[PDB]
Amino acid sequence: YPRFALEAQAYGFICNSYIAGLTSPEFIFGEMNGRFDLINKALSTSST
Amino acid sequence: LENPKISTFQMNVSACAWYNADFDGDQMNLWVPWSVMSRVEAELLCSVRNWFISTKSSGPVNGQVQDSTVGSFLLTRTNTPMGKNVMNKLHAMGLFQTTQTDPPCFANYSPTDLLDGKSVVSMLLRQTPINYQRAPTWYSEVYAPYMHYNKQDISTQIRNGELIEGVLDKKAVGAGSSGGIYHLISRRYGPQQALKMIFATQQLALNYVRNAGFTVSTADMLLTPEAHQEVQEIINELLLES
Amino acid sequence: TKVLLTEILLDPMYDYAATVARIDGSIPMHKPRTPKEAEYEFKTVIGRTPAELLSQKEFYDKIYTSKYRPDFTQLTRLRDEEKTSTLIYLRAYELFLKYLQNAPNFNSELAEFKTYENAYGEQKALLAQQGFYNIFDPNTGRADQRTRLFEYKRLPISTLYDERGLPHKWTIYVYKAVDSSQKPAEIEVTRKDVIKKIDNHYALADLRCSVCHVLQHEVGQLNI
Amino acid sequence: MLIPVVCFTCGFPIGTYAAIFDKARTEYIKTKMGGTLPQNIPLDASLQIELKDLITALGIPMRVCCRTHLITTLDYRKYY
Amino acid sequence: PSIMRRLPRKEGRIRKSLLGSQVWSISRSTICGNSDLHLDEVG
Amino acid sequence: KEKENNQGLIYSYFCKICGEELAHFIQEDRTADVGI
Amino acid sequence: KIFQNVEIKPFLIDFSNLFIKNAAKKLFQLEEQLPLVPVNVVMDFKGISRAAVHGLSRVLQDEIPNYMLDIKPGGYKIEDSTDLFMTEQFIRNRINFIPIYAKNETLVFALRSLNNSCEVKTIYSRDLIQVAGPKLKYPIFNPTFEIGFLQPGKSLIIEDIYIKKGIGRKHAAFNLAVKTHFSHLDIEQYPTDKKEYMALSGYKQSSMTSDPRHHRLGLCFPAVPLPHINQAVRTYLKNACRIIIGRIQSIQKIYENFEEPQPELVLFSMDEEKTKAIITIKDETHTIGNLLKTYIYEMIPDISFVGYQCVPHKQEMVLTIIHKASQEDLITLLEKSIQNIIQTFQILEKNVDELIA
Amino acid sequence: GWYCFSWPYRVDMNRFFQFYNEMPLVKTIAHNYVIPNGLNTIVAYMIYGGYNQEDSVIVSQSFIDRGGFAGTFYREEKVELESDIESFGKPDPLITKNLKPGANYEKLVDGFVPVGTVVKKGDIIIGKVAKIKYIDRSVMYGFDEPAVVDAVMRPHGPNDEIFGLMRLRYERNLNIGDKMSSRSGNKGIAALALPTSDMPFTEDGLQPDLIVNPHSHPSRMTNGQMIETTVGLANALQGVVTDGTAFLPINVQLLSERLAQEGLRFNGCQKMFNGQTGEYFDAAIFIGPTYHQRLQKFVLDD
Ligand SMILES: [Zn+2]
Ligand SMILES: [Zn+2]
């Protein structure tokens with residue numbers, strides 16, 4: 001995405017569903033949120 | 001387990017709520033008390049019946065999980081895609097051949113007589129009659145405009161153990177459901193009696209599915225071509241406002 | 001003698017030379033069962049007695065050399081394929097033995113045989129294909145490109161706002177009778193009143209805005 | 001390491017038509033391969049290699065499991 | 001190595017030998033599902 | 001070694017006359033190896 | 001006439017295909033059909049409960065005695081087998097699952113493969129030499145199997161390959177029949193191609209209510225000689241019948257000894273003149289239990305309860321029968337039901353003998 | 001899977017060599033560079049007795065006996081000597097001291113157990129005594145499951161001295177408690193082993209190898225596993241292997257219509273019967289080939 005992009009897709013808006021498949025930028029944004037689940041799950045043991 | 005090829009610690013799935021356990025590869029310790037003093041206290045204090053009611057949230061811990069929650073819904077459902085949800089005498093007796101409780105009496109039934117799921121559930125709840133009346137998880141006003149709910153499935157009522165109407169699901173038989181069926185049995189008949197009814201009602205739910213079936217497929221997830229155009233037309237409105 | 005035998009019997013070079021000797025029958029196909037058979041295998045493979053290996057100084061000079069000397073110049077691509085496999089195996093052994101002995105004119109022949117074995121590997125990979133299929137698009141003549149992905153499209157502003165500039169609030173459900181005899185023909189209810197006024201004799205036709213009172217499917221009749 | 005003697009699912013004697021199914025398949029691929037390197041066959045994006053009629057001619061029934069295991073089983077001789 | 005180094009951390013004297021314990025007559029294995037067992041029973 | 005094992009790992013010897021436990025052996029102490 | 005309209009069809013190689021023809025002719029020099037071929041048999045049953053048909057199917061699948069090829073301990077000669085990849089486990093797993101049609105338990109084979117070449121040599125099943133027993137006038141297994149493969153300069157010597165008998169339930173190598181069809185001909189079906197009905201089974205009656213008594217069952221046998229197919233399949237069918245009868249007769253020896261204290265039969269006298277019978281039999285499957293429940297239910301329409309609970313982790317079948325009669329009358333009814341089962345399978349025997357010429 | 005193509009030449013610790021491997025019916029571009037590891041097990045997505053609840057699976061016993069996910073598991077024993085103090089040999093009861101209770105020294109041959117014999121718990125696999133009359137520093141096989149001595153050798157270490165190397169092999173089948181997984185990350189533990197006559201079967205005779213709970217999907221949204229079953233079901237009948245690499249153009253609506261063109265249903269579900277009772281389900285069950293892989297977590301070691 002270009003610098004100072006205005007479209008909502010550039011900021012994590014995934015327009016597609018799982019049954020229809022995601023594109024490369026949508027999968028990267030999904031991995032950004034998916035990695036947080038793995039990180040917070042690890043912290044949910046030690047920090048607790 | 002007399003089978004020499006079994007090396008695992010097997011337990012009921014409804015007992016996982018005590019340990020926050022699942023069967024993805026978890027390992028659990030087990031030691032058998034041998035001292036008389038420790039063996040006495042295991043039976044009287046540390047028995048799992050003493051923690052059917054959570055000491056944390058003051059509510060029940062155990063219930064139906066993932067097959068007797070949907071199994072109880074199908075069993076207590078009023079209408080089946082193949083007509084009314086009834087069964088003959090032979091298949092009504094087959095639901096009680098695994099519960100390990102004393103069988104009911106089916107002598108007042110011809111082989112061609114039909115029994116609905118409410119009657120079958122009632123014969124098991126007569127042992128511990130309770131009073132319950134709530135709205136099941138099946139009913140949801142989110143789904144209401146786009147669904148034709150059955151008026152006999154959105155009101156679960158039990159008086160003196162007789163399931164008058166409604167379906168049994170997470171609200172009534174689910175694990176951790178405060179005020180549920182097994183919470184009322186424990187308060188009136190003891191936590192050990194509630195555990196036996198969890199197992200007993202689990203078998204009817206599982207025995208019903210033995211020939212009713214339950215599956216998930218890829219077409220269960222596929223929008224129709226006309227509905228797909230409606231989904232992106234909704235998303236285009238969001239991108240238009242954005 | 002024991003330490004020498006233990007060292008050499010664990011050398012993969014010894015096992016490979018022993019396999020080559022077994023192929024043409026210089027040593028028995030079965031591994032030795034008695035020390036005499038082991039000594040005979042050592043003498044045939046290494047080429048020197050363990051007693052006399054400690055007396056002199058070389059080691060690689062007299063290791064087995066296959067009996068049949070096929071013509072590897074037909075490995076120049078030129079009952080042919082199994083013979084080619086046999087030539088590949090024999091030349092691999094001969095070149096490995098030359099590498100051990102630091103034979104002159106070695107790197108060029110190594111490169112030539114590596115090219116030959118790469119061609120043989122191409123053939124072997126041809127033999128190792130399960131197959132492949134592509135779901136062709138009937139309209140085209142190649143891999144299907146049709147997808148159910150989202151495609152952006154600038155909808156008219158009439159879909160979000162009415163002719164007075166207010167936003168739409170689609171919150172009235174309009175139900176029409178499946179059969180004609182049922183009356184009334186249509187019922188307009190709110191989400192709270194669906195369970196109390198709608199039965200299976202009705203079907204959801206369209207939504208309605210609670211502000212401008214227009215059907216969602218008739219939103220295009222507004223002047224943009 | 002080879003095509004199983006019997007189907008893993010039901011136990012139909014797949015193995016007795018295994019070897020033939022291997023070799024014959026190769027020529028069929030050679031018929032449909034086309035100006036392409038062997039190791040690039042699963043990336044051609046233009047191939048239509050169908051083995052339905054070959055397995056049918058072998059006499060194997062139209063069972064999903066049997067044809068799956070016959071087609072998809074790797075051979076250790078072809079990689080080592 | 002020192003005497004007082006044995007105390008502090010998790011693998012120390014207090015948290016590994018006193019607050020915790022290695023015991024005999026104990027078993028461990030992977031758990032499994034069995035719908036024929038009661039909730040108060042273990043296979 | 002008449003009985004290779006009774007499927008139960010034991011670290012102790014027993015008397016052949018009555019069965020009483022004589023003593024137990026797990027590992028050699030091996031601490032006198034550092035002498036003077 | 002319970003069992004009528006049977007049809008038998010072998011599974012043969014189509015030599016009209018050039019690829020298969022060339023491959024077979026250059027591999028095994030094969031130009032005609034193999035000595036042993038699979039056979040699909042479709043059977044129509046009328047006036048019989050689905051419990052009996054399904055029990056017959058189960059017995060033919062993995063409860064009928066069957067023969068395999070096994071290696072005696074010490075047969076795999078480590079002294080001579082120099083191959084590093086053809087381990088004993090792999091090779092014996094290959095050998096156990098070769099479908100055989102044996103005549104006696106005396107045949108002993110041997111596999112002696114020597115690789116004097118420079119290329120990997122494939123060990124087929126035609127390299128199994130019979131070394132003990134009477135000489136075979138007809139092969140007992142197909143010669144086109146792939147037992148293994150030897151690296152150059154390697155060997156594989158295996159002796160004492162004998163014929164072992166067992167039931168398919170204990171080990172899958174004794175499995176006999178593979179399922180190919182099962183349907184009820186007295187129940188109508190929806191067209192499931194339509195999207196309205198594709199989520200349903202298809203039958204117009206729910207299994208909770210339907211009681212079909214006209215079935216079609218089709219089973220495939222993996223190895224049957226070409227010139228004696230009708231002789232083999234018939235035998236198989238007949239065999240199954242005897243097995244079931246035999247097992248049923250075992251229960252018939254329990255009820256006959258209800259006076260003496262017997263561990264496998266327990267009788268209680270409940271309230272309201274009700275009697276209870278518990279029959280616990282070890283190493284029984286759902287076949288016998290389902291047959292017993294179905295025939296007791298048919299014999300006593302107004303029975304209070306009947307169930308055949310077969311427990312996986314207990315390896316036993318517990319049949320509970322509660323009825324409002326006395327102990328003697330209940331035992332009489334149970335014996336009558338057992339006799340009904342016996343006569344039904346005797347009629348099946350007779351129909352099998354009558355149909356397949 | 002095939003953990004190494006030169007496994008017989010190696011003496012490795014805790015290594016499993018699965019005999020049978022299959023290329024997935026829906027393969028990817030990653031299989032152009034590495035060997036696939038797993039089998040195309042026929043999987044039924046159904047509720048069957050409640051033994052597959054809470055991420056468990058039901059495994060056909062016949063599939064286990066035929067070699068499904070079966071292989072050999074290896075362990076090694078590396079024992080060293082003290083130069084001129086210790087030695088390899090069978091001890092004698094009347095001279096050597098503090099022999100291990102309940103041991104079995106009779107299986108030793110010249111200090112090592114011969115290759116091909118079965119060593120069980122309590123057996124002395126390596127004989128070793130230190131000369132003081134003698135003290136017994138023997139090595140005993142302390143494992144519950146019996147092993148087979150696969151390879152014995154006496155190499156020379158970096159210090160030019162003999163040490164004992166023994167390779168023990170274990171015949172491992174798939175048993176209850178072994179962990180399996182799909183390619184979508186839905187792992188599971190084998191819970192029940194049913195015979196070939198107790199598994200459910202379709203009208204056409206198809207029966208599952210694994211029975212997984214349908215409740216494993218909705219919370220984890222592993223849609224690629226369900227699409228793989230739909231695509232792979234048509235590939236088997238069509239006799240083809242297709243590519244399912246990520247980010248390739250797919251249309252599940254078109255893939256579902258491809259099933260009907262092959263004689264199946266649009267949804268891929270089929271009429272099935274209960275193997276224990278012979279009673280058909282009142283629902284078409286989604287059954288098809290899904291590529292499953294055995295994770296190397298053995299209950300016989302944990
Ligand atoms: Zn408006
Ligand atoms: Zn199959």
# chains A, B, ... in the order shown; residues from 1 in each chain; ligands from 1
$ residues_around --residues "residue 253 in chain H" --least-positions-apart "6" --cutoff "12 Å" --atoms "only C-alpha atoms" --output "MDAnalysis selection string"
(chainID A and resid 19:20) or (chainID B and resid 218:225 228) or (chainID C and resid 146:149) or (chainID H and resid 227 230:231 259:260 266:267)
$ write_last_selection --atoms "C-alpha atoms" --output "mmCIF file, in the first residue's frame"
data_model
loop_
_atom_site.group_PDB
_atom_site.id
_atom_site.type_symbol
_atom_site.label_atom_id
_atom_site.label_comp_id
_atom_site.auth_asym_id
_atom_site.auth_seq_id
_atom_site.Cartn_x
_atom_site.Cartn_y
_atom_site.Cartn_z
ATOM 1 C CA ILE A 19 -14.696 -19.712 2.820
ATOM 2 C CA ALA A 20 -13.827 -17.319 -0.029
ATOM 3 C CA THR B 218 -18.271 -27.560 3.332
ATOM 4 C CA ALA B 219 -21.700 -26.717 1.891
ATOM 5 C CA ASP B 220 -22.823 -25.879 5.433
ATOM 6 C CA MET B 221 -20.488 -22.870 5.085
ATOM 7 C CA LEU B 222 -21.305 -21.809 1.513
ATOM 8 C CA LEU B 223 -23.496 -18.808 0.748
ATOM 9 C CA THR B 224 -25.870 -19.015 -2.185
ATOM 10 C CA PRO B 225 -24.878 -16.936 -5.237
ATOM 11 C CA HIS B 228 -23.112 -13.583 -1.807
ATOM 12 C CA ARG C 146 -13.211 -17.591 -11.274
ATOM 13 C CA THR C 147 -13.297 -16.620 -7.601
ATOM 14 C CA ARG C 148 -15.849 -15.591 -4.988
ATOM 15 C CA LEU C 149 -13.595 -12.805 -3.700
ATOM 16 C CA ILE H 227 -12.339 -27.643 1.403
ATOM 17 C CA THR H 230 -14.428 -31.645 -0.799
ATOM 18 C CA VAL H 231 -11.719 -31.286 -3.456
ATOM 19 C CA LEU H 259 -18.708 -33.304 -6.934
ATOM 20 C CA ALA H 260 -22.105 -33.617 -8.626
ATOM 21 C CA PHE H 266 -23.411 -31.299 -4.114
ATOM 22 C CA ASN H 267 -22.420 -31.171 -0.432
#
$ residues_around --residues "residue 290 in chain H" --least-positions-apart "6" --cutoff "12 Å" --atoms "only C-alpha atoms" --output "JSON, numbers by chain"
{"D": [64, 65, 68], "H": [22, 23, 24, 25, 26, 27, 38, 39, 40, 41, 42, 43, 44, 45, 181, 182, 183, 184, 186, 208, 209, 210, 211, 212, 224, 225, 226, 227, 228, 229, 230, 231, 232, 233, 234, 235, 236]}
$ residues_near_ligand --ligand "ligand 1" --cutoff "9 Å" --atoms "only C-alpha atoms and all ligand atoms" --output "ChimeraX atom specification"
/C:159-170,208-214
$ atom_distance --atom1 "CA of residue 100 in chain G" --atom2 "CA of residue 68 in chain G"
6.4 Å
$ residues_around --residues "residue 238 in chain H" --least-positions-apart "6" --cutoff "12 Å" --atoms "only C-alpha atoms" --output "ChimeraX atom specification"
/C:132-135 /D:48-56,62-64,67-68,71 /H:25,231-232,258-264
$ residues_near_ligand --ligand "ligand 2" --cutoff "7 Å" --atoms "only C-alpha atoms and all ligand atoms" --output "PyMOL selection string"
chain D and resi 7-12+63-66
$ select_by_dssp --residues "range 170-248 of chain H" --states "alpha helix (DSSP H)" --output "PyMOL selection string"
chain H and resi 217-220+223-238
$ closest_atom_pairs --of "chain B" --to "chain H" --cutoff "9 Å" --atoms "only C-alpha atoms" --output "CSV"
residue,atom,partner,partner_atom,distance
B:5,CA,H:175,CA,7.4
B:6,CA,H:176,CA,6.2
B:7,CA,H:299,CA,6.8
B:8,CA,H:177,CA,6.0
B:10,CA,H:191,CA,8.6
B:13,CA,H:53,CA,6.8
B:16,CA,H:54,CA,8.8
B:21,CA,H:54,CA,8.9
B:22,CA,H:54,CA,5.7
B:23,CA,H:55,CA,5.5
B:24,CA,H:188,CA,5.1
B:25,CA,H:189,CA,6.4
B:27,CA,H:302,CA,8.4
B:65,CA,H:54,CA,8.1
B:66,CA,H:215,CA,6.5
B:67,CA,H:50,CA,6.7
B:68,CA,H:50,CA,8.5
B:81,CA,H:282,CA,8.9
B:82,CA,H:282,CA,8.1
B:203,CA,H:49,CA,8.8
B:206,CA,H:49,CA,5.9
B:207,CA,H:49,CA,7.2
B:209,CA,H:47,CA,7.1
B:210,CA,H:48,CA,6.6
B:211,CA,H:281,CA,4.3
B:212,CA,H:282,CA,4.6
B:213,CA,H:281,CA,5.0
B:214,CA,H:46,CA,5.6
B:215,CA,H:46,CA,4.7
B:216,CA,H:214,CA,5.6
B:217,CA,H:286,CA,5.5
B:218,CA,H:226,CA,5.6
B:219,CA,H:267,CA,5.1
B:220,CA,H:267,CA,7.9
B:221,CA,H:223,CA,8.8
B:222,CA,H:253,CA,7.1
B:223,CA,H:253,CA,8.4
B:224,CA,H:253,CA,8.3
B:225,CA,H:253,CA,8.3
$ write_last_selection --atoms "N, CA, C and O atoms" --output "compact mmCIF listing (two decimals), in the first residue's frame"
# COMPACT_ATOMS: atom_id res chain seq x y z
N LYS B 5 -3.37 -53.31 25.60
CA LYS B 5 -2.90 -52.34 24.62
C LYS B 5 -3.28 -50.91 24.96
O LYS B 5 -2.93 -49.99 24.20
N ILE B 6 -3.97 -50.68 26.07
CA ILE B 6 -4.40 -49.35 26.48
C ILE B 6 -3.40 -48.81 27.49
O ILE B 6 -3.12 -49.45 28.51
N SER B 7 -2.85 -47.63 27.20
CA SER B 7 -1.86 -47.00 28.07
C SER B 7 -2.26 -45.60 28.51
O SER B 7 -1.42 -44.86 29.02
N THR B 8 -3.52 -45.22 28.32
CA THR B 8 -3.98 -43.87 28.62
C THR B 8 -4.92 -43.86 29.82
O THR B 8 -5.52 -44.87 30.18
N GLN B 10 -8.26 -42.83 30.88
CA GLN B 10 -9.54 -42.49 30.26
C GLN B 10 -10.51 -41.94 31.29
O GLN B 10 -10.60 -42.45 32.41
N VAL B 13 -15.85 -37.12 29.27
CA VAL B 13 -15.58 -35.79 28.74
C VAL B 13 -16.19 -34.71 29.62
O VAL B 13 -15.66 -33.59 29.71
N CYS B 16 -13.87 -33.11 32.36
CA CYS B 16 -12.76 -32.24 32.01
C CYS B 16 -12.90 -30.85 32.63
O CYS B 16 -11.89 -30.15 32.78
N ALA B 21 -9.12 -29.49 31.29
CA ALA B 21 -8.36 -30.41 30.46
C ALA B 21 -9.08 -30.67 29.14
O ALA B 21 -10.28 -30.42 28.99
N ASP B 22 -8.31 -31.17 28.18
CA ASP B 22 -8.84 -31.64 26.91
C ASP B 22 -7.92 -32.74 26.40
O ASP B 22 -6.91 -33.06 27.02
N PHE B 23 -8.28 -33.32 25.26
CA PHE B 23 -7.61 -34.50 24.74
C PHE B 23 -6.78 -34.18 23.50
O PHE B 23 -6.77 -34.94 22.53
N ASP B 24 -6.09 -33.04 23.51
CA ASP B 24 -5.16 -32.70 22.45
C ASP B 24 -3.74 -33.16 22.75
O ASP B 24 -2.83 -32.86 21.97
N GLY B 25 -3.53 -33.88 23.85
CA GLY B 25 -2.21 -34.34 24.22
C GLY B 25 -1.83 -34.01 25.65
O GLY B 25 -0.65 -34.03 26.00
N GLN B 27 -1.38 -34.51 29.67
CA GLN B 27 -0.99 -35.60 30.55
C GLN B 27 -1.37 -35.24 31.98
O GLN B 27 -1.22 -34.09 32.41
N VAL B 65 -21.11 -31.34 27.26
CA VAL B 65 -20.11 -30.62 26.48
C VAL B 65 -20.04 -31.20 25.07
O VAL B 65 -19.63 -32.35 24.88
N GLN B 66 -20.50 -30.42 24.09
CA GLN B 66 -20.19 -30.55 22.67
C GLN B 66 -20.83 -31.74 21.95
O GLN B 66 -20.82 -31.76 20.72
N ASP B 67 -21.38 -32.71 22.66
CA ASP B 67 -22.18 -33.73 22.00
C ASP B 67 -23.50 -34.04 22.69
O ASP B 67 -24.44 -34.46 22.01
N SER B 68 -23.60 -33.86 24.00
CA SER B 68 -24.86 -33.97 24.71
C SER B 68 -25.53 -32.61 24.87
O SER B 68 -26.65 -32.55 25.40
N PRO B 81 -36.62 -32.92 10.33
CA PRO B 81 -36.83 -32.76 8.88
C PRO B 81 -37.56 -33.93 8.23
O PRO B 81 -37.90 -33.87 7.05
N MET B 82 -37.81 -34.99 9.00
CA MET B 82 -38.52 -36.17 8.52
C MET B 82 -39.83 -36.34 9.30
O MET B 82 -40.28 -37.46 9.57
N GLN B 203 -26.12 -40.23 28.01
CA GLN B 203 -26.30 -41.42 27.20
C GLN B 203 -27.52 -41.32 26.29
O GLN B 203 -27.46 -41.77 25.14
N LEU B 206 -26.42 -39.18 23.42
CA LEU B 206 -25.54 -39.90 22.50
C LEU B 206 -26.25 -41.06 21.83
O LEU B 206 -25.98 -41.34 20.65
N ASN B 207 -27.15 -41.75 22.54
CA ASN B 207 -27.87 -42.86 21.92
C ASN B 207 -28.89 -42.38 20.90
O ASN B 207 -29.20 -43.13 19.97
N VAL B 209 -28.31 -39.92 18.80
CA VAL B 209 -27.52 -39.63 17.61
C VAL B 209 -27.02 -40.89 16.92
O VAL B 209 -26.60 -40.83 15.76
N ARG B 210 -27.11 -42.05 17.58
CA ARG B 210 -26.63 -43.29 16.98
C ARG B 210 -27.34 -43.61 15.67
O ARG B 210 -26.80 -44.35 14.84
N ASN B 211 -28.55 -43.09 15.48
CA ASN B 211 -29.24 -43.26 14.21
C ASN B 211 -29.95 -41.99 13.74
O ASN B 211 -30.70 -42.05 12.76
N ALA B 212 -29.74 -40.86 14.41
CA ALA B 212 -30.22 -39.58 13.92
C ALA B 212 -29.15 -38.80 13.16
O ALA B 212 -29.49 -38.03 12.26
N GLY B 213 -27.88 -38.99 13.51
CA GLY B 213 -26.79 -38.41 12.77
C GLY B 213 -26.57 -36.93 13.02
O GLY B 213 -27.51 -36.18 13.28
N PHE B 214 -25.31 -36.51 12.95
CA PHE B 214 -24.95 -35.10 13.03
C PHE B 214 -23.61 -34.92 12.34
O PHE B 214 -22.66 -35.65 12.63
N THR B 215 -23.54 -33.95 11.42
CA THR B 215 -22.34 -33.77 10.63
C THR B 215 -22.20 -32.30 10.24
O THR B 215 -23.16 -31.53 10.29
N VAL B 216 -20.98 -31.93 9.86
CA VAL B 216 -20.69 -30.62 9.29
C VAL B 216 -19.93 -30.83 7.99
O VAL B 216 -19.07 -31.72 7.89
N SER B 217 -20.28 -30.06 6.97
CA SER B 217 -19.71 -30.20 5.64
C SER B 217 -19.29 -28.83 5.13
O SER B 217 -19.49 -27.80 5.78
N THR B 218 -18.69 -28.82 3.94
CA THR B 218 -18.27 -27.56 3.33
C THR B 218 -19.47 -26.75 2.84
O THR B 218 -19.45 -25.52 2.91
N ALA B 219 -20.51 -27.42 2.35
CA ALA B 219 -21.70 -26.72 1.89
C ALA B 219 -22.48 -26.10 3.04
O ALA B 219 -23.32 -25.22 2.81
N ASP B 220 -22.23 -26.54 4.28
CA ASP B 220 -22.82 -25.88 5.43
C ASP B 220 -22.26 -24.48 5.63
O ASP B 220 -22.81 -23.71 6.43
N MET B 221 -21.18 -24.14 4.93
CA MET B 221 -20.49 -22.87 5.09
C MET B 221 -20.59 -22.00 3.84
O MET B 221 -19.99 -20.92 3.81
N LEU B 222 -21.32 -22.43 2.83
CA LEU B 222 -21.30 -21.81 1.51
C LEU B 222 -22.56 -20.98 1.32
O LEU B 222 -23.68 -21.51 1.40
N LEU B 223 -22.38 -19.69 1.07
CA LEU B 223 -23.50 -18.81 0.75
C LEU B 223 -24.00 -19.08 -0.66
O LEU B 223 -23.23 -19.44 -1.56
N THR B 224 -25.30 -18.91 -0.86
CA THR B 224 -25.87 -19.02 -2.18
C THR B 224 -25.38 -17.85 -3.05
O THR B 224 -25.01 -16.80 -2.53
N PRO B 225 -25.35 -18.03 -4.37
CA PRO B 225 -24.88 -16.94 -5.24
C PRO B 225 -25.66 -15.65 -5.06
O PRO B 225 -25.09 -14.56 -5.15
$ decode --residues "range 11-33 of chain F" --atoms "C-alpha atoms" --output "PDB file, in the first residue's frame"
ATOM      1  CA  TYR F  11      15.969 -52.873  43.760  1.00  0.00           C
ATOM      2  CA  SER F  12      16.227 -55.280  46.705  1.00  0.00           C
ATOM      3  CA  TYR F  13      17.381 -58.836  47.354  1.00  0.00           C
ATOM      4  CA  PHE F  14      15.260 -61.372  49.220  1.00  0.00           C
ATOM      5  CA  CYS F  15      16.049 -64.544  51.145  1.00  0.00           C
ATOM      6  CA  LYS F  16      15.538 -67.764  49.190  1.00  0.00           C
ATOM      7  CA  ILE F  17      14.486 -69.669  52.328  1.00  0.00           C
ATOM      8  CA  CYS F  18      11.585 -67.487  53.504  1.00  0.00           C
ATOM      9  CA  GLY F  19      11.402 -64.467  51.187  1.00  0.00           C
ATOM     10  CA  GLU F  20      12.479 -61.812  53.694  1.00  0.00           C
ATOM     11  CA  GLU F  21      14.178 -58.737  52.264  1.00  0.00           C
ATOM     12  CA  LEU F  22      17.928 -59.045  52.808  1.00  0.00           C
ATOM     13  CA  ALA F  23      19.048 -55.593  51.621  1.00  0.00           C
ATOM     14  CA  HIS F  24      18.682 -53.196  48.686  1.00  0.00           C
ATOM     15  CA  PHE F  25      21.015 -52.068  45.907  1.00  0.00           C
ATOM     16  CA  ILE F  26      20.375 -49.124  43.574  1.00  0.00           C
ATOM     17  CA  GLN F  27      23.800 -47.713  42.667  1.00  0.00           C
ATOM     18  CA  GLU F  28      27.388 -47.884  43.855  1.00  0.00           C
ATOM     19  CA  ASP F  29      28.362 -45.024  46.156  1.00  0.00           C
ATOM     20  CA  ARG F  30      31.704 -44.321  44.418  1.00  0.00           C
ATOM     21  CA  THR F  31      32.763 -41.534  46.783  1.00  0.00           C
ATOM     22  CA  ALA F  32      36.020 -43.081  48.033  1.00  0.00           C
ATOM     23  CA  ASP F  33      37.421 -42.612  44.513  1.00  0.00           C
TER      24      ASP F  33
END
